[PDB]
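Trainee: One structure, pasted below without further comment.
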Amino acid sequence: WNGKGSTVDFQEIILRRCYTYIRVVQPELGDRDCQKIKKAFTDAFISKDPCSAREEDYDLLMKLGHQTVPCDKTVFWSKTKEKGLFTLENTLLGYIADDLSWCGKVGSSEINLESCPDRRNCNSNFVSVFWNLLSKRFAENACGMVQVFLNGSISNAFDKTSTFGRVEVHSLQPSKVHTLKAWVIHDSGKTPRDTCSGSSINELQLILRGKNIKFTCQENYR
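Written out as structure tokens, the structure reads:
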């Protein structure tokens, strides 16, 4: 395949990360069991066709790793990726899986280090489905005021094809989320390629006004 092979020692890595999370990152959740989680993660894809992944294969995992973050604390970053606030990667599941690569193989009781199909090889691969589902859940459990950081140095800070624009924004619950604030970051070093007054951000605004959800956009250098 074209995608990265599984991360070596994948099992050990997620086991470690998980504990470090429930005893230090958010002691708030020391009640959870890491070995149980690791088993579910692995059971979800091991020895399976790497292009047959379904959201359902992660039910067990999403159940054992569920966690609702404080309202007003939910934050989104769209392609700007490069305190006491939760972004998808700061949650339990996003935390341990972050930056890792994984996929099984029919007939194999282990991970495939050689290669894994990426989204362009097949959309239904285990890494994409995972992240796609995590994002969906993260957006559905958002309450109060949500935020999203966009890059003012690119032509279209708000992309309708990104995870945020095609998945997350639409999964926000109007009944739980009343306002969405967008921050367009600008480098004092260059002029804005896109601003709050652009058509890209207007596309986001229309999405939100359709659901009567309040929207605001501000520009920051920092």
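So the sequence shown is residues 54 to 135, 145 to 284, counted in the deposited numbering. Where is the CB? At the ideal position from N, CA and C, for every residue including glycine.
1) Given this structure, state the Cα-to-Cα distance separating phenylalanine 98 from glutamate 281, to the nearest angstrom.
2) If I follow the unbroken alpha helix (DSSP H) through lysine 116, where does it start and stop?
3) List the residues that DSSP assigns as beta-bridge partners of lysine 243.
4) For the stretch 75-104, list the alpha helix (DSSP H) runs that are entirely contained and at least 4 residues long, ordered along the chain.
5) Pull up the distance between the alpha-carbon of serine 215 and that of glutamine 267, whole angstroms please.
6) If you measure between the beta carbons of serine 100 and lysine 167, is that distance less than 8 Å?
7) Start and end of the beta strand (DSSP E) containing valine 128?
8) What three-state label does DSSP hand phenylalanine 188 in the structure shown?
9) Assuming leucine 175 and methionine 115 are in contact, meaning their beta carbons sit under 8 Å apart, how far apart are those beta carbons, in whole angstroms?
10) Around the Cβ of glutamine 209, are there at least 16 other Cβ atoms within 10 angstroms (buried) or fewer (exposed)?
11) Roughly how many angstroms separate the alpha carbons of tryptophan 164 and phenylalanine 129, rounded to a whole number?
12) Where does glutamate 172 land, buried or exposed, given buried means 16+ other C-beta within 10 angstroms?
13) DSSP state of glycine 166, grouped into three classes?
14) Who are the Cβ neighbours of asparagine 218 in its own chain at under 7 Å, not counting the five residues just before and after it?
15) Is the CB-CB distance between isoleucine 269 and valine 239 below 8 Å?
16) Less than 8 Å separating the beta-carbons of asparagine 213 and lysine 132?
17) Which residue comes first and which comes last in the alpha helix (DSSP H) that contains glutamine 64?
18) What does a CB cutoff of less than 8 Å around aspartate 180 pick up in its chain, not counting 5 residues either side in sequence?
19) Whether or not the stretch 241-254 and the stretch 146-166 are in contact is what I'm after, with contact meaning three or more pairs of Cβ atoms, one per stretch, closer than 8 Å; do they touch?
20) Exposed or buried, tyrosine 283, counting other C-beta atoms within 10 Å across all chains shown (16 or more means buried)?
21) Just to confirm, are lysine 91 and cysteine 71 a CB contact at a threshold of 8 Å?
22) Quick one: give me the first and last residue of the alpha helix (DSSP H) that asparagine 264 is part of.
23) Would you mind giving the Cβ-Cβ distance between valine 229 and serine 197, rounded to the nearest angstrom? I have them listed as a contact below 8 Å.
Mentor: Straight from the coordinates:
1) Looking up residue 98 in the sequence shown gives position 45. Looking up residue 281 in the sequence shown gives position 219. Taking the straight line from one Cα to the other gives about 42 Å.
2) Taking the first residue of the sequence shown as position 1, residue 116 is located at position 63. Taken as a continuous stretch (DSSP letters only), the alpha helix (DSSP H) holding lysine 116 covers 112-117.
3) Translated into positions along the sequence shown, residue 243 becomes position 181. Bridge partners of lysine 243: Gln209 and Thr278.
4) 87-98
5) Along the sequence shown, one-based indexing puts residue 215 at 153. Along the sequence shown, one-based indexing puts residue 267 at 205. Cα-Cα distance, rounded: 19 Å.
6) Walking along the sequence shown from the start, residue 100 turns up at place 47. Walking along the sequence shown from the start, residue 167 turns up at place 105. Yes, the Cβ-Cβ distance between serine 100 and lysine 167 is below 8 Å.
7) Here residue 128 corresponds to residue number 75 of the sequence shown, with the count starting at 1. Per DSSP, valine 128 belongs to the beta strand (DSSP E) from 128-130.
8) On the sequence shown, residue 188 is found 126 positions in, with the first residue counted as 1. It is helical.
9) Counted from its first residue, the sequence shown places residue 175 at position 113. Counted from its first residue, the sequence shown places residue 115 at position 62. Going by Cβ atoms, the distance from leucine 175 to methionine 115 rounds to 26 Å, so no, they are not a contact pair.
10) By one-based count along the sequence shown, residue 209 stands at place 147. With 16 or more other Cβ atoms within 10 Å, it is buried.
11) Counting from 1 along the sequence shown, the entry for residue 164 is found at position 102. Counting from 1 along the sequence shown, the entry for residue 129 is found at position 76. Taking the straight line from one Cα to the other gives about 24 Å.
12) Translated into the one-based positions of the sequence shown, residue 172 becomes position 110. So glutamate 172 ends up on the exposed side.
13) Stepping through the sequence shown from its first residue, residue 166 is reached at position 104. In this structure, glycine 166 counts as coil in the three-state DSSP scheme.
14) Counting from one through the sequence shown, the residue named residue 218 turns up at place 156. Excluding residues within five positions, the ones whose Cβ falls inside 7 Å are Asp256 and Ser262.
15) Taking the sequence shown and counting its residues from 1, the one referred to as residue 269 is at position 207. Taking the sequence shown and counting its residues from 1, the one referred to as residue 239 is at position 177. No, the pair does not count as a contact, with Cβ atoms beyond the cut-off.
16) Here residue 213 is taken as the residue at index 151 of the sequence shown, counted from 1. Here residue 132 is taken as the residue at index 79 of the sequence shown, counted from 1. In contact: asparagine 213 and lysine 132 (Cβ atoms closer than 8 Å).
17) Here residue 64 refers to the residue found at position 11 when the sequence shown is read from its first residue. Per DSSP, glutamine 64 belongs to the alpha helix (DSSP H) from 63-73.
18) By one-based count along the sequence shown, residue 180 stands at place 118. Within the same chain, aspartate 180 has close Cβ partners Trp54, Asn55, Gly56, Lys57, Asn187, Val189 and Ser190.
19) no
20) Walking along the sequence shown from the start, residue 283 turns up at place 221. Classification for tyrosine 283: exposed.
21) Within the sequence shown, the letter at position 38 stands for residue 91. Within the sequence shown, the letter at position 18 stands for residue 71. Closer than 8 Å, so yes.
22) Along the sequence shown, read from residue 1 onward, the residue named residue 264 stands at position 202. Element bounds for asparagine 264: 261-272.
23) As a working mapping, residue 229 is identified with position 167 in the sequence shown. As a working mapping, residue 197 is identified with position 135 in the sequence shown. Right, the Cβ-Cβ distance comes to about 5 Å (below 8 Å), so this counts as a contact.
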